[PDB]
Amino acid sequence: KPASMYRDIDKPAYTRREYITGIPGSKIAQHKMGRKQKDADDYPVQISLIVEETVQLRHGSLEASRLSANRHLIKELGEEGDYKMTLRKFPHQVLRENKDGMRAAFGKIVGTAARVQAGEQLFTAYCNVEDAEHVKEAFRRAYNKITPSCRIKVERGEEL
Amino acid sequence: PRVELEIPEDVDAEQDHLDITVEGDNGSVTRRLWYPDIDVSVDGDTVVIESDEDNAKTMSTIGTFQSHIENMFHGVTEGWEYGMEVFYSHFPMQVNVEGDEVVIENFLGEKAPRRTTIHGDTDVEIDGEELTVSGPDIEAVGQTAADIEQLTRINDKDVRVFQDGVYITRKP
Amino acid sequence: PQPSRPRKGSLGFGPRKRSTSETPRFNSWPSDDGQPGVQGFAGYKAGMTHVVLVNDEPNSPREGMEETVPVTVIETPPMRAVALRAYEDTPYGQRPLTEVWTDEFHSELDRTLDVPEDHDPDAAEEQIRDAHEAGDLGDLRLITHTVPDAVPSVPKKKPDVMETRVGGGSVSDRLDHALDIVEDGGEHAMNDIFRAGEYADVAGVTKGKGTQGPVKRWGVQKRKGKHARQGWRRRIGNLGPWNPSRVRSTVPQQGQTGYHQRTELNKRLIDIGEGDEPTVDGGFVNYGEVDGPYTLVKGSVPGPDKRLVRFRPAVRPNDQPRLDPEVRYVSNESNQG
Amino acid sequence: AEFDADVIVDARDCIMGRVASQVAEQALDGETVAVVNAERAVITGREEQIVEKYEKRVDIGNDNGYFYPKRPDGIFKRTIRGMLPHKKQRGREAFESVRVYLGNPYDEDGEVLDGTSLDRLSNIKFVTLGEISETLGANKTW
RNA sequence: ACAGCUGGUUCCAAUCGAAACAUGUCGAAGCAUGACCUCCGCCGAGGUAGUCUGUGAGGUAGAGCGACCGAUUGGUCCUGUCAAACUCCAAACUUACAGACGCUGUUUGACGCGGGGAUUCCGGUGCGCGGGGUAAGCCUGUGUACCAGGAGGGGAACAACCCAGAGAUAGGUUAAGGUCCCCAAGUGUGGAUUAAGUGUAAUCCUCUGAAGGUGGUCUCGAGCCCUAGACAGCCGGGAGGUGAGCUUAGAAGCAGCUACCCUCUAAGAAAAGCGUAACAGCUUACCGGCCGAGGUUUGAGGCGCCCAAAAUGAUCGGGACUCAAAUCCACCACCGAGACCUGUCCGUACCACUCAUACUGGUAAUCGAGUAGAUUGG
RNA sequence: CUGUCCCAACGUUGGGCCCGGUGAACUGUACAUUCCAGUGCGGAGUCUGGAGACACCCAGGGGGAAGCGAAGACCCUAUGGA
RNA sequence: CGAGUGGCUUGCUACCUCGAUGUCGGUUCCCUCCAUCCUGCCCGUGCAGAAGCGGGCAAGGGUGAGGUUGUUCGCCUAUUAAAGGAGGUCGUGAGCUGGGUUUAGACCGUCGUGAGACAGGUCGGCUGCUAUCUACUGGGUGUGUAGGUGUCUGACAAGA
RNA sequence: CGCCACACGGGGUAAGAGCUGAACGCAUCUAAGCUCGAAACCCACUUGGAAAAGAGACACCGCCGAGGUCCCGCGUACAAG
Ligand SMILES: COC(=O)[C@@]12OC[C@]34[C@H]([C@@H](O)[C@@H]1O)[C@@]1(C)CC(=O)C(O)=C(C)[C@@H]1C[C@H]3OC(=O)[C@H](OC(=O)/C=C(\C)C(C)C)[C@@H]24
Ligand SMILES: [Cl-]
Ligand SMILES: [Cl-]
Ligand SMILES: [Cl-]
Ligand SMILES: [Cl-]
Ligand SMILES: [Cl-]
Ligand SMILES: [Cl-]
Ligand SMILES: [Cl-]
Ligand SMILES: [K+]
Ligand SMILES: [Mg+2]
Ligand SMILES: [Mg+2]
Ligand SMILES: [Mg+2]
Ligand SMILES: [Mg+2]
Ligand SMILES: [Mg+2]
Ligand SMILES: [Mg+2]
Ligand SMILES: [Mg+2]
Ligand SMILES: [Mg+2]
Ligand SMILES: [Mg+2]
Ligand SMILES: [Mg+2]
Ligand SMILES: [Mg+2]
Ligand SMILES: [Mg+2]
Ligand SMILES: [Mg+2]
Ligand SMILES: [Mg+2]
Ligand SMILES: [Mg+2]
Ligand SMILES: [Mg+2]
Ligand SMILES: [Mg+2]
Ligand SMILES: [Mg+2]
Ligand SMILES: [Mg+2]
Ligand SMILES: [Mg+2]
Ligand SMILES: [Mg+2]
Ligand SMILES: [Mg+2]
Ligand code: NA
Ligand code: NA
Ligand code: NA
Ligand code: NA
Ligand code: NA
Ligand code: NA
Ligand code: NA
Ligand code: NA
Ligand code: NA
Ligand code: NA
Ligand code: NA
Ligand code: NA
Ligand code: NA
Ligand code: NA
Ligand code: NA
Ligand code: NA
Ligand code: NA
Ligand code: NA
Ligand code: NA
Ligand code: NA
Ligand code: NA
Ligand code: NA
Ligand code: NA
Ligand code: NA
Ligand code: NA
Ligand code: NA
Ligand SMILES: [Sr+2]
Ligand SMILES: [Sr+2]
Ligand SMILES: [Sr+2]
Ligand SMILES: [Sr+2]
Ligand SMILES: [Sr+2]
Ligand SMILES: [Sr+2]
Ligand SMILES: [Sr+2]
Ligand SMILES: [Sr+2]
Ligand SMILES: [Sr+2]
Ligand SMILES: [Sr+2]
Ligand SMILES: [Sr+2]
Ligand SMILES: [Sr+2]
Ligand SMILES: [Sr+2]
Ligand SMILES: [Sr+2]
Ligand SMILES: [Sr+2]
Ligand SMILES: [Sr+2]
Ligand SMILES: [Sr+2]
Ligand SMILES: [Sr+2]
Ligand SMILES: [Sr+2]
Ligand SMILES: [Sr+2]
Ligand SMILES: [Sr+2]
Ligand SMILES: [Sr+2]
Ligand SMILES: [Sr+2]
Ligand SMILES: [Sr+2]
Ligand SMILES: [Sr+2]
Ligand SMILES: [Sr+2]
Ligand SMILES: [Sr+2]
Ligand SMILES: [Sr+2]
Ligand SMILES: [Sr+2]
C-alpha cells in the first residue's frame with residue numbers, strides 16, 4: 001500500500017492495545033545500533049536527521065530507512081566500528097484499512113506508524129571527527145526512504 | 001567594469017555600430033559583439049569593453065569579448081594553425097581539395113565521395129599524409145578543421161576497430 | 001482491436017467542385033536556366049493508339065528491344081502569342097503592370113475578345129523598361145490563344161485564351177525575346193518549345209461524371225454480406241461520432257465528380273509530327289480524323305476527346321531526357337472492334 | 001490606394017503590444033491611424049517560445065475556421081483587433097479606420113510613440129515580426 | 001371507489017415571517033405532540049442579545065506520566081518512546097447566579113400568561129472542531145454564518161467566496177475590486193528580483209504539481225589562506241643510500257607481509273594514481289620560477305530551472321506584456337455599488353389635535369429584502 | 001456450386017429529379033448562422049471568453065438538437081392491485 | 001522503501017437522467033492522443049562483423065490475412081518493415097448486424113413441501129419515424145464591392 | 001481485373017555530434033556567438049480561393065450602345081438551376 005493513505009495526521013490517536021487486537025509485529029529489527037556499550041558523551045561529533053514536516057511514518061519505511069543507513073555505516077566504518085546510531089521514534093499509532101461497500105466501514109488492522117512532528121529528530125548518530133562525512137551520507141540514503149524533506153544538522157561539531 | 005586591450009603595432013582596428021573589423025598582414029576579420037549594456041569601442045589605439053553592470057552574466061560576456069578580440073589580434077598577425085594526419089587501415093583514402101571544398105574519396109571503401117565546404121578565407125594545404133588548416137578567423141579555421149574530422153564520422157560500427165579518418169594532431 | 005486502414009480518397013484535390021475555367025490554369029512554372037523561351041503550349045485531345053518503341057533507358061535490361069507503349073494523340077496546331085503582360089513586385093505579391101499587344105489578329109478572335117483598335121505598344125513597352133531599371137519588375141508572361149478553326153474535329157471556332165510564362169536568360173534578354181514573338185504575329189509551334197523525348201506536364205479539366213455517390217467518388221466500400229440486403233447498399237456507415245456533434249468535411253459524401261482541373265506530371269512526349277500518321281481507321285471514336293500538327297503523349301491525359309489540354313516543361317522530372325525515341329510502328333487499327 | 005491618416009506610427013524597433021494598445025485607444029477617440037514598418041516591429045522574449053505560440057495559432061482550426069495571419073501586415077492588424085470591440089458598431093468603425101503596412105507607402109516618416117521603443121543595446125532576447133513570418137512560412141515580400 | 005403517490009388550484013396592496021429539528025407512531029414519500037412563525041385577549045415593571053467583576057460548574061487543547069494505568073528501547077542507576085476508551089497537572093473557552101455599565105420596556109406595555117391559525121419534520125454550502133473512509137462534488141455529527149426565501153457591486157461565466165442587506169427619484173462620496181487596450185481610472189513614483197512568457201490564478205470538484213536534484217542568478221553571515229605573492233595555469237626540479245626487508249625464479253613506489261628509517265637540499269613518499277611478465281614509462285605528493293589579486297571552505301535567505309505524458313482548437317477572461325502590463329518592499333493619485341452622506345416624495349409605526357382610522361403638525365441613528373405561513377385594507 | 005467475400009462493374013424494370021392536377025400527417029415555450037473551450041444540477045445553438053458568420057433556394061446522406069414516438073417493462077418505494 | 005502522473009481496469013459515491021440519453025460484441029466512416037510496434041535521425045553496450053539488447057528525439061505514414069469462441073480478452077497458423085496501445089456517450093442501432101445479456105415457450109442439473117428460483121447450462125424467440133433547426137457534401141439565385149469582355153493576382157484553405 | 005503519372009533539392013530545428021568561448025587564468029558544445037543534424041516543421045509540388053468590407057490588378061471594348069438575355073440546332077456539361 002502507498003504512504004499517501006497513512007502519511008498525514010488526520011485520524012485520532014489510536015494506540016490503546018487493551019482495546020485493539022491483531023496488531024502486526026514491528027518490522028524494525030533494532031533501535032540501538034553500533035557500539036551500544038559506549039556512551040553518547042564519549043563521542044566528539046553528534047549528527048541528527050531532522051524531519052521537516054509533521055508526518056506519520058510506517059514501520060516498513062522506518063525499517064527501510066534504518067537498514068539503508070546502518071548498512072552504509074557497516075560498509076564504511078566496519079561491523080564493529082566506532083559509532084552508535086539511535087532511532088528514537090517508536091511505532092505507536094495502529095493503522096486500519098477498509099478491505100462490503102461503505103457499510104460497516106471501520107477497517108481491520110493492517111499496521112503501525114510513528115508520529116513525528118516537524119523539527120524533531122528521527123535518527124541521531126554519534127561518531128568521531130574522521131567519520132563525519134560517512135554519516136552525512138548514511139542520512140542522505142535514509143531520508144530518501146521516508147515521506148518528508150529533511151535536515152542533516154550537526155549538534156556537537158565545530159571541526160570545519 | 002572596464003577592460004582595456006592594447007592593439008599591436010602590426011594591427012589597426014576600425015569599428016561601426018556593434019561590428020568590429022580587425023586588419024593586419026595575414027588578413028582581416030569582422031565580428032559582431034552584441035550583449036546587453038556592454039559597449040565595445042576603439043579609443044585611439046586601445047579597445048575598450050565596458051558595462052555599467054557587474055553581474056555574473058555580464059561578466060561572462062566581457063571575458064568572452066576579451067578573448068575574442070585577443071584572438072583576432074593573433075589571427076591577423078601570426079594566424080591560426082591546425083595540423084591534421086590522415087590515417088587508414090585497409091582502404092587507401094584519397095583526400096584532395098577540389099575548389100572551395102575539401103573532398104575525401106574512397107573512405108572505408110565507399111564509392112561515393114565525402115565532402116565539406118571550407119569556411120571563408122581559410123586555406124587548407126595538403127602534403128601527402130598531412131593536412132594543415134590555416135587562416136585569420138579562428139571561428140572559420142577551427143570549424144573547417146573540425147568539419148574535416150567530423151566528415152569521417154562512423155556511428156554504425158565500432159570506432160576502436162574502424163579507426164580510419166583524418167584526425168586533429170596540432171591545436172594552437 | 002479493429003484493423004487500421006488509410007482513409008478513403010485524398011484531401012489534396014479539394015473541394016471536389018466544378019471547375020471555373022474549362023481552360024486549365026497552371027499554378028507553377030519551370031526554373032530559368034537556358035535560352036529564353038515560352039514555358040508551355042496547348043492542344044486538343046484526339047484519342048488513343050499504341051506505338052512500338054525501341055527502349056531508350058540505359059539502365060534497362062531491355063535496352064534496344066521492341067516495346068509496345070500506349071499513347072494519347074493530341075492535335076497541336078500553331079498558337080498565337082497576341083500580347084506580353086508584365087508583372088511588378090509589390091509588397092502584396094505580383095500585380096499586372098501593362099500589356100503590349102499587336103495589330104495582326106486572327107479572323108475569329110472577336111468571338112471571345114473585345115479586340116484592340118487603339119493601343120500604344122511603345123508607351124507600354126516604356127513602362128515595363130522603367131520598371132526594370134527600378135528593379136521592380138517581376139516576371140514576363142504572354143497572353144496566348146489557340147486556333148480551334150485549324151482543327152476540323154473540334155466544333156468550336158471560339159479561341160481558348162491562356163497566359164504562359166517566358167523564362168530563361170536575364171530579365172533584359174527575355175523581355176526582348178518575348179517582344180519579338182509578339183511583334184511578328186505571335187505565331188509559334190510545338191517545335192519552338194518542345195522536343196520529342198522530353199518530359200512534359202499535362203494539365204486538363206477532367207471528364208464530367210455529374211453527381212456520384214461515395215463508392216465512386218471516394219472509393220469507399222459497398223455494404224458487405226447481410227448488410228448489403230437490408231436497404232443500404234452504397235451508403236457509408238456513419239457521418240461521424242457522437243462528439244464532435246457536427247459532420248466533418250473530411251467524411252466521404254456525395255457530390256460532383258469529374259470536371260475538375262488536374263495537372264498530370266512527367267508525361268513523355270513520344271513524337272511531335274504533322275500529317276495523318278496516328279489516325280485510326282474509321283476515325284477516332286467521338287472525335288474524327290487527324291491530318292495536321294500533332295503530339296503523341298505517353299499514356300493517359302486528363303479530359304475527354306475535343307478538350308483543351310495544356311503543356312509545360314516538367315517542373316519535377318525524375319529521369320534525364322532521352323531525346324527523339326525510335327518509333328518503329330504506330331497503330332492505325334480501328335478503335336471499333 | 002490612398003488612406004488619409006491623421007497619425008502615422010513607425011513600428012520600427014517598437015514593442016508591438018504597447019503600440020497596439022495606444023493605436024486602439026486613439027482609434028476609439030476617432031483617429032485615423034496607420035502603422036508603418038510592421039516588418040520591423042518588435043516583440044520581446046525567447047524566440048523559440050514566441051514562434052511556438054504563433055505556430056500553434058496557425059495549426060488551430062476546423063470547418064468553422066480560425067483564420068490566423070502569417071504576414072506581419074496582418075499579425076499587427078490582429079493584435080490591434082484584440083484591443084478593440086470589433087463586433088460592436090463603435091468598435092468596427094475604429095478598426096476599419098486603422099491600417100497596417102509593410103514599409104512606408106507615404107512620404108512622411110512616422111512618429112515613434114512614448115514608451116514603445118526598445119533599446120537594442122540593452123536587449124538581446126526579442127524577435128522582429130518579419131522573422132516570425134519567415135518561420136511561419138509566409139512569402140518575404142519586404 | 002380509496003391512495004400517505006404525481007399534476008393543477010384564477011385579482012391588487014400593507015405588517016410580521018419560519019421549519020427542513022425533538023418525542024411517539026406497521027413510522028421513516030405520512031401523522032400527532034413539542035421547537036419555531038403569526039394573530040387575539042390578559043397582566044403591569046421589569047428584561048438581559050454584549051461587556052466587566054464577584055461566587056460556582058468543567059477535564060477538551062497542550063502537557064506529563066520514580067503521579068496511577070497500559071503500552072513501548074538498550075546497557076553495565078543510566079538511556080529511548082507513547083495513549084479516544086491514562087492523568088500528579090492544565091488552558092483558551094463554554095456555562096449557573098448576582099452586581100455594575102450598556103441596550104431595552106412602563107401612550108411603541110417589554111418579561112410573562114391564556115387562547116385562535118399555521119407552516120414545517122427530503123435541506124444545502126462556507127468556516128471552526130470534529131468521527132468514519134485511500135479518497136470523494138463521500139457518509140454522519142457539532143458551533144456558527146449564509147443559500148434555500150437575499151437584491152445590488154466584484155469574482156470571465158458561476159445558490160451559498162469578497163463588498164453589501166434593498167421604498168421612489170435625485171446629487172455626492174466611498175466599499176469589495178480595479179487604473180496598458182477590450183473597460184471607468186496610472187503605460188504613477190522610489191528601489192530590488194526574475195529570463196522561465198516563470199508569472200499576469202485570494203477562496204475553489206474548478207487555481208496542481210511532489211519526493212529528489214540545481215557553479216541558473218541575486219543577497220547576507222562564518223572560518224581559513226594572501227604582495228614575505230595566495231587560487232589556478234604553464235616551465236623547471238622531482239635527487240641519493242637502495243632495485244628497502246621479508247616473500248619469491250622475480251617483485252625493483254605500486255601481488256602480499258612488516259617496517260616506513262637518514263643523507264643531500266630549495267624540494268622529493270620505505271610512494272598517492274595509472275602503467276609493465278617484471279623493468280621502463282606517465283604523472284601525485286612535495287620545492288623553485290613565470291604571473292599578479294584576491295582566493296578557498298562552509299552556512300542562510302530570494303526568484304527561477306529540472307523533475308513535468310492524453311486524446312476536435314493552445315491560453316492568465318482575451319489581446320498581449322520583460323528596467324513589466326511579473327514578483328517582493330514602500331509610497332502617491334485616481335476609477336468604482338442600491339452601501340454612506342444629502343434634497344424631495346411614498347408607505348408603515350408612534351406622538352399632538354380630532355368623532356375620525358378625515359385634515360394638519362411632529363418623531364424614526366435605534367422603520368422599509370423575503371419562500372411556506374398568520375394578519376389586514378382595497 | 002456460386003458476387004457471401006477478395007472488389008467491385010455494367011445493364012434491366014419501378015421510383016427517385018423536372019412539369020400539370022390532387023393533396024395529408026408527425027411535430028412546434030420562445031429566440032435560433034454556428035464552432036472551439038470554459039462554466040453550470042457534474043452531458044449548453046441561447047451563460048462566459050474567444051473564433052467564425054452576406055441573404056435566400058435546390059439535391060443529399062443522417063453528425064447534433066442527450067431528435068420524434070410511449071407518464072420506464074429494469075430497480076426501489078406505496079401499511080397499491082391481481 | 002519513498003514521491004508521483006494518468007483516467008485505459010476495478011472499486012467507491014449517489015451529483016445528473018426513471019412523463020425512457022436504446023445493450024455487449026462486431027461492422028462501416030471520420031478526427032485525435034503518445035506512454036513509439038515498424039519506418040527516419042541518434043547515445044550506450046557485456047559495441048569485431050552480422051544479428052541483437054537498453055536508451056533518446058520523433059505521431060508523417062504504416063501497423064495487414066486467417067482457425068476455435070457471440071465474445072471484448074485471449075490461444076493458435078502462415079506471412080510482415082512491424083503486424084503498438086489508447087480517446088472520441090467503454091465514438092458510431094433517426095447507419096447496419098442481432099451471435100451474447102435480459103420478457104413471454106421448453107429441457108437438464110441444483111435448491112424448494114409447493115408456486116417457483118438460480119450472477120448454472122441449453123433450443124426458440126420483433127429492430128418504429130415522410131428531417132422543422134443545426135452540421136457538413138455538392139448545386140443554384142440575389143445583394144454588396146460600383147457598364148462590359150478577356151487575362152490574372154493570392155490573403156488565406158486542403159493534402160500523405 | 002487493364003494502362004499512365006505521383007522527386008530531388010533548399011531553409012530552420014529536436015535528440016545528438018561539434019567549433020569558438022567566459023563566468024572560474026585552466027577546463028567546458030552554451031551562459032553571448034557559431035558549424036551541423038530526424039520519415040518530423042517550413043518552402044518546394046497539387047487543389048481551392050475577389051465576399052480578402054483594405055471587398056484586388058491589367059488590357060481592350062463601350063455609355064446609344066460594348067456586352068448580355070430570350071429564341072433556335074446541339075453536347076467536351078447536366079437531378080432543377
Ligand atoms: C429509449 O430508451 C432510453 O432512452 C433509455 O436510455 C438508454 C437506456 C437507459 C435509460 O437511460 C433510458 O430509459 C440506461 C442508460 C439507464 C440505466 O440506468 C441503465 O443502467 C441501463 C442498463 C440503460 C441502458 C439503456 O437501457 C434500456 O433499456 C433503455 O432503453 C429502454 O429503457 C427502452 C427502450 C429503447 C424502449 C422499449 C422504450 C435506455
Ligand atoms: Cl457493411
Ligand atoms: Cl482553419
Ligand atoms: Cl465586441
Ligand atoms: Cl535581453
Ligand atoms: Cl436584512
Ligand atoms: Cl506568451
Ligand atoms: Cl389600496
Ligand atoms: K433514465
Ligand atoms: Mg553490429
Ligand atoms: Mg474499343
Ligand atoms: Mg480487337
Ligand atoms: Mg397580495
Ligand atoms: Mg396597503
Ligand atoms: Mg494530546
Ligand atoms: Mg426551499
Ligand atoms: Mg481607460
Ligand atoms: Mg503560465
Ligand atoms: Mg414512471
Ligand atoms: Mg419485476
Ligand atoms: Mg394481493
Ligand atoms: Mg438519441
Ligand atoms: Mg517522447
Ligand atoms: Mg496524425
Ligand atoms: Mg473473419
Ligand atoms: Mg459504444
Ligand atoms: Mg448515432
Ligand atoms: Mg434502430
Ligand atoms: Mg429511419
Ligand atoms: Mg447461440
Ligand atoms: Mg439463445
Ligand atoms: Na452488505
Ligand atoms: Na430498409
Ligand atoms: Na449512439
Ligand atoms: Na511579449
Ligand atoms: Na489557422
Ligand atoms: Na387506498
Ligand atoms: Na429533517
Ligand atoms: Na418518521
Ligand atoms: Na407515507
Ligand atoms: Na440593568
Ligand atoms: Na489542537
Ligand atoms: Na439571511
Ligand atoms: Na457577476
Ligand atoms: Na504564460
Ligand atoms: Na409570503
Ligand atoms: Na450481383
Ligand atoms: Na442528423
Ligand atoms: Na493521480
Ligand atoms: Na470510474
Ligand atoms: Na456495438
Ligand atoms: Na507516426
Ligand atoms: Na480470432
Ligand atoms: Na450512450
Ligand atoms: Na450495437
Ligand atoms: Na435497430
Ligand atoms: Na534540413
Ligand atoms: Sr479523518
Ligand atoms: Sr523524502
Ligand atoms: Sr495560368
Ligand atoms: Sr495557386
Ligand atoms: Sr433489417
Ligand atoms: Sr456537444
Ligand atoms: Sr462544548
Ligand atoms: Sr491609455
Ligand atoms: Sr507604470
Ligand atoms: Sr520599478
Ligand atoms: Sr466541473
Ligand atoms: Sr493552489
Ligand atoms: Sr522540490
Ligand atoms: Sr511528447
Ligand atoms: Sr419594502
Ligand atoms: Sr416587507
Ligand atoms: Sr457569446
Ligand atoms: Sr432525405
Ligand atoms: Sr526504431
Ligand atoms: Sr471462418
Ligand atoms: Sr470490455
Ligand atoms: Sr479467456
Ligand atoms: Sr475506436
Ligand atoms: Sr439475440
Ligand atoms: Sr454465457
Ligand atoms: Sr443465466
Ligand atoms: Sr448592405
Ligand atoms: Sr545542441
Ligand atoms: Sr469583388
# chains A, B, ... in the order shown; residues from 1 in each chain; ligands from 1

$ select_by_dssp --residues "stretch 86-126 of chain D" --states "alpha helix (DSSP H)" --output "PyMOL selection string"
chain D and resi 89-96

$ write_last_selection --atoms "N, CA, C and O atoms" --output "short mmCIF file (atom, residue, chain, number, x, y, z; two decimals), in the first residue's frame"
data_model
loop_
_atom_site.label_atom_id
_atom_site.label_comp_id
_atom_site.auth_asym_id
_atom_site.auth_seq_id
_atom_site.Cartn_x
_atom_site.Cartn_y
_atom_site.Cartn_z
N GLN D 89 -20.64 48.12 -33.23
CA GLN D 89 -20.66 49.18 -34.24
C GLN D 89 -19.52 50.19 -34.07
O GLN D 89 -18.76 50.42 -35.01
N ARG D 90 -19.38 50.73 -32.86
CA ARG D 90 -18.36 51.72 -32.50
C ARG D 90 -16.95 51.16 -32.69
O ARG D 90 -16.07 51.83 -33.25
N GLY D 91 -16.78 49.90 -32.28
CA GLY D 91 -15.51 49.20 -32.37
C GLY D 91 -15.08 48.80 -33.77
O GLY D 91 -13.89 48.72 -34.03
N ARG D 92 -16.04 48.56 -34.66
CA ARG D 92 -15.74 48.19 -36.04
C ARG D 92 -15.28 49.41 -36.82
O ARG D 92 -14.33 49.33 -37.60
N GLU D 93 -15.93 50.56 -36.57
CA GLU D 93 -15.60 51.84 -37.20
C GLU D 93 -14.15 52.23 -36.86
O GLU D 93 -13.39 52.64 -37.74
N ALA D 94 -13.79 52.00 -35.60
CA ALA D 94 -12.46 52.29 -35.07
C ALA D 94 -11.39 51.40 -35.73
O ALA D 94 -10.32 51.88 -36.13
N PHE D 95 -11.72 50.13 -35.89
CA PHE D 95 -10.83 49.14 -36.50
C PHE D 95 -10.63 49.39 -37.99
O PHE D 95 -9.50 49.30 -38.50
N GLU D 96 -11.72 49.74 -38.68
CA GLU D 96 -11.66 49.99 -40.11
C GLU D 96 -10.99 51.30 -40.48
O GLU D 96 -10.65 51.52 -41.65
#

$ select_by_dssp --residues "chain A" --states "strand (DSSP E or B)" --output "JSON, numbers by chain"
{"A": [32, 45, 46, 47, 48, 49, 50, 51, 55, 56, 57, 58, 84, 85, 86, 87, 93, 94, 95, 96, 97, 108, 109, 110, 111, 112, 113, 114, 115, 116, 121, 122, 123, 124, 125, 126, 127, 150, 151, 152, 153, 154]}

$ write_last_selection --atoms "C-alpha atoms" --output "short mmCIF file (atom, residue, chain, number, x, y, z; two decimals), in the first residue's frame"
data_model
loop_
_atom_site.label_atom_id
_atom_site.label_comp_id
_atom_site.auth_asym_id
_atom_site.auth_seq_id
_atom_site.Cartn_x
_atom_site.Cartn_y
_atom_site.Cartn_z
CA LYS A 32 20.22 0.77 19.19
CA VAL A 45 30.55 14.52 16.96
CA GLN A 46 26.71 14.23 17.21
CA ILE A 47 24.72 14.49 13.95
CA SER A 48 20.92 14.12 13.78
CA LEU A 49 18.41 13.65 10.96
CA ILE A 50 15.68 16.25 11.41
CA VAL A 51 12.22 15.73 9.91
CA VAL A 55 4.17 13.12 9.47
CA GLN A 56 3.22 9.50 10.20
CA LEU A 57 5.91 7.04 9.07
CA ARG A 58 5.10 3.30 8.79
CA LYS A 84 26.44 4.44 17.51
CA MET A 85 23.18 5.31 15.78
CA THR A 86 19.81 5.61 17.52
CA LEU A 87 16.22 5.56 16.19
CA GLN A 93 -0.12 4.57 16.03
CA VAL A 94 -2.11 1.48 14.95
CA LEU A 95 -3.36 1.68 11.32
CA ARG A 96 -6.56 0.36 9.71
CA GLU A 97 -7.86 -0.42 6.17
CA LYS A 108 -9.32 -4.07 10.11
CA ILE A 109 -5.81 -3.59 11.49
CA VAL A 110 -3.01 -3.69 8.87
CA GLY A 111 -0.01 -2.00 10.51
CA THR A 112 1.75 0.52 12.77
CA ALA A 113 3.19 4.06 12.33
CA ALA A 114 5.28 6.59 14.25
CA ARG A 115 4.03 10.14 14.81
CA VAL A 116 6.92 12.55 14.25
CA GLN A 121 15.00 14.12 15.46
CA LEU A 122 14.19 10.75 13.86
CA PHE A 123 17.78 9.46 13.78
CA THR A 124 20.79 10.56 15.83
CA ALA A 125 24.28 9.23 15.27
CA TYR A 126 27.33 9.76 17.44
CA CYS A 127 30.70 9.38 15.65
CA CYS A 150 14.99 16.53 5.87
CA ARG A 151 17.83 18.45 7.53
CA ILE A 152 21.17 16.88 8.47
CA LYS A 153 22.06 19.03 11.50
CA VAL A 154 25.37 18.87 13.40
#

$ residues_near_ligand --ligand "ligand 71" --cutoff "10 Å" --atoms "only C-alpha atoms (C1' of nucleotides) and all ligand atoms" --output "PyMOL selection string"
(chain E and resi 309) or (chain G and resi 34-35+57-59)

$ write_last_selection --atoms "N, CA and C atoms (P, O5', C5', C4', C3', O3' and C1' of nucleotides)" --output "PDB file, in the first residue's frame"
ATOM      1  P     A E 309       6.439  16.829 -20.206  1.00  0.00           P
ATOM      2  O5'   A E 309       5.602  15.491 -19.987  1.00  0.00           O
ATOM      3  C5'   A E 309       4.161  15.511 -19.938  1.00  0.00           C
ATOM      4  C4'   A E 309       3.602  14.417 -20.811  1.00  0.00           C
ATOM      5  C3'   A E 309       2.092  14.363 -20.941  1.00  0.00           C
ATOM      6  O3'   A E 309       1.618  15.335 -21.875  1.00  0.00           O
ATOM      7  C1'   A E 309       2.961  12.178 -20.669  1.00  0.00           C
TER       8        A E 309
ATOM      9  P     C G  34       0.368  13.914 -27.745  1.00  0.00           P
ATOM     10  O5'   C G  34       0.937  12.513 -27.264  1.00  0.00           O
ATOM     11  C5'   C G  34       0.824  12.141 -25.895  1.00  0.00           C
ATOM     12  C4'   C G  34       1.592  10.880 -25.643  1.00  0.00           C
ATOM     13  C3'   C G  34       3.027  10.889 -26.144  1.00  0.00           C
ATOM     14  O3'   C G  34       3.831  10.163 -25.238  1.00  0.00           O
ATOM     15  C1'   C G  34       1.830   9.131 -27.162  1.00  0.00           C
ATOM     16  P     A G  35       5.063  10.894 -24.523  1.00  0.00           P
ATOM     17  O5'   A G  35       5.723   9.737 -23.653  1.00  0.00           O
ATOM     18  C5'   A G  35       4.933   8.944 -22.761  1.00  0.00           C
ATOM     19  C4'   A G  35       5.187   7.476 -23.004  1.00  0.00           C
ATOM     20  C3'   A G  35       4.676   6.922 -24.322  1.00  0.00           C
ATOM     21  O3'   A G  35       5.360   5.693 -24.572  1.00  0.00           O
ATOM     22  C1'   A G  35       3.362   6.088 -22.547  1.00  0.00           C
ATOM     23  P     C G  57      12.786  11.468 -25.383  1.00  0.00           P
ATOM     24  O5'   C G  57      12.940  12.165 -26.807  1.00  0.00           O
ATOM     25  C5'   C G  57      13.650  13.404 -26.927  1.00  0.00           C
ATOM     26  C4'   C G  57      13.823  13.784 -28.376  1.00  0.00           C
ATOM     27  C3'   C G  57      12.562  13.800 -29.218  1.00  0.00           C
ATOM     28  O3'   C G  57      11.823  14.996 -29.040  1.00  0.00           O
ATOM     29  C1'   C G  57      14.271  12.707 -30.404  1.00  0.00           C
ATOM     30  P     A G  58      10.223  14.933 -28.939  1.00  0.00           P
ATOM     31  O5'   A G  58       9.781  14.298 -30.331  1.00  0.00           O
ATOM     32  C5'   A G  58      10.077  14.969 -31.571  1.00  0.00           C
ATOM     33  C4'   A G  58       9.792  14.060 -32.745  1.00  0.00           C
ATOM     34  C3'   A G  58       8.407  13.440 -32.795  1.00  0.00           C
ATOM     35  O3'   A G  58       7.448  14.349 -33.330  1.00  0.00           O
ATOM     36  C1'   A G  58      10.018  11.777 -33.228  1.00  0.00           C
ATOM     37  P     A G  59       5.954  14.367 -32.740  1.00  0.00           P
ATOM     38  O5'   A G  59       5.250  13.117 -33.424  1.00  0.00           O
ATOM     39  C5'   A G  59       5.410  12.885 -34.826  1.00  0.00           C
ATOM     40  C4'   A G  59       4.177  12.235 -35.389  1.00  0.00           C
ATOM     41  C3'   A G  59       2.870  12.973 -35.150  1.00  0.00           C
ATOM     42  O3'   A G  59       2.021  12.838 -36.286  1.00  0.00           O
ATOM     43  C1'   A G  59       2.793  10.840 -34.110  1.00  0.00           C
TER      44        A G  59
END

$ atom_distance --atom1 "atom CA of residue C:334" --atom2 "atom CA of residue C:283"
7.4 Å

$ closest_atom_pairs --of "chain F" --to "chain D" --cutoff "10 Å" --atoms "only C-alpha atoms (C1' of nucleotides)" --output "Markdown table"
| residue | atom | partner | partner_atom | distance |
| --- | --- | --- | --- | --- |
| F:34 | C1' | D:64 | CA | 7.8 |
| F:35 | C1' | D:64 | CA | 5.4 |
| F:36 | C1' | D:61 | CA | 8.4 |
| F:50 | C1' | D:82 | CA | 9.8 |
| F:51 | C1' | D:66 | CA | 5.7 |
| F:52 | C1' | D:64 | CA | 5.6 |
| F:53 | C1' | D:64 | CA | 8.8 |
